[PDB]
Structures are given as structure tokens and as C-alpha cells.
Amino acid sequence: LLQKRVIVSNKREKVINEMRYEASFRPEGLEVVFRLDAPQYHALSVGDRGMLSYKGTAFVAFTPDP
């Protein structure tokens with residue numbers, strides 16, 4: 038259950054067998086990929102930097118800088 042300041046590296050929407072969402076966070082080098090559902094995914098903005106809350110590979114939250 039940690040927190041780390043990162044930037045929203047990138048976001049990928051992918052179709053499988069249906070929709071898979073992934074967001075990458077990078078330290079203000083080294084991306085970390087988190088799986089998200091759509092609502093959580095559309096809430097993020099590639100480029101924003103802020104606080105990422107996480108437990109292992111489980112995304113808990115990302116609060117962009119005020």
C-alpha cells in the first residue's frame with residue numbers, strides 16, 4: 038500500500054476475446086503497467102503527473118497534482 042510521484046506515461050485500449072485497458076506510470082525512467090476498467094481509465098490523462106497509490110500490480114488510485 039504505497040504512494041509514488043509519477044507521470045502518466047501512456048494509455049492503451051486493446052480488444053481481446069472484449070475490451071482491455073492499461074495505463075503506464077513513470078517516475079518523474083521505468084514504466085509500470087496497471088490494468089484498469091474503463092471508467093478508471095477514462096479518468097486518467099496521459100501527461101499528468103501526480104500521486105499514484107498502489108498495492109503490488111493493483112492500481113489503487115492516481116491523484117493528479119492540484
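The sequence shown maps to residues 38 to 54, 69 to 79, 82 to 119 in PDB author numbering. Virtual Cβ for every residue (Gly too), placed ideally from N, Cα, C.
As a quick exercise: from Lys48, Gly109, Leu38, pick the residue whose alpha carbon is nearest that of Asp101. Stepping through the sequence shown from its first residue, residue 101 is reached at position 48. Answer by Cα proximity: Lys48.
Could you compute how far the alpha carbon of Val99 sits from the alpha carbon of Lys51? Locating residue 99 in the sequence shown gives position 46, counting from the first residue. Locating residue 51 in the sequence shown gives position 14, counting from the first residue. Going from the Cα of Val99 to the Cα of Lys51 covers about 16 Å.
Starting from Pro117 and walking both ways along the alpha helix (DSSP H), at which residues does that stretch end? The residue given as residue 117 occupies position 64 in the sequence shown. No alpha helix (DSSP H) holds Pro117; the beta strand (DSSP E) holding it covers 111-117.
Spatial neighbours of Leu39 within its chain, please: C-beta separation below 8 Å, excluding the five flanking residues on both sides. For the purposes of this step, residue 39 is identified with residue 2 of the sequence shown, where counting begins at 1. The residues are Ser106, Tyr107, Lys108.
Within its chain, find whatever has a CB closer than 6 Å to the CB of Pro78; leave out the 5 residues flanking it on each side and keep chain order. For this step, residue 78 is matched to residue 27 along the sequence shown. Closer than 6 Å at Cβ, skipping near neighbours: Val43.
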